[PDB]
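> All I have is the shape, not the residue letters:
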């Protein structure tokens, strides 16, 4: 219900989802091309970013990210996307509260 120049889109509803994805928040101040994420949808993984995002994320401490699952074992690897409050992570987070209560 909005089509004008300079508009913030939700960017939600992402395609490609054979086994669904997990949602976690990233943390890391050192900055060694890798970060640590904790996620809902039952997952705990180390998140990695591409060279372009690596020099464009500059995460300080307390950011939200979407993660991909890597193998299983007693710890999973994940491919993460960094963003500070937008709509995609807000959607999955709202779903977490819905499942818990409400």
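That came in fine, so what should we check first? Residues are numbered from 1 along each chain as shown.
> What ranges does the protein have for its helices?
Applying DSSP state H to the chain gives helices spanning 51-57, 88-100.
> Check which helices and strands the last one sits against.
Counting by 3 or more CB pairs under 8 Å, 6 or more residues apart in numbering; DSSP states H and E, the packing neighbours recorded for helix 88-100 are strand 22-27, strand 34-40, strand 63-67. In short, each C-beta sits where N, CA and C put it, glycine included.
> Swap in 10 Å and give it another go.
Applying 3 or more CB pairs under 10 Å, 6 or more residues apart in numbering; DSSP states H and E, one finds that helix 88-100 makes contact with strand 22-27, strand 34-40, strand 63-67, strand 76-83.
> Give me the neighbour count for residue 11.
11 (other CB atoms under 10 Å).
> Residue 57 too?
If you count neighbours by other CB under 10 Å, residue 57 ends up with 19.
> same question, residue 94
10.
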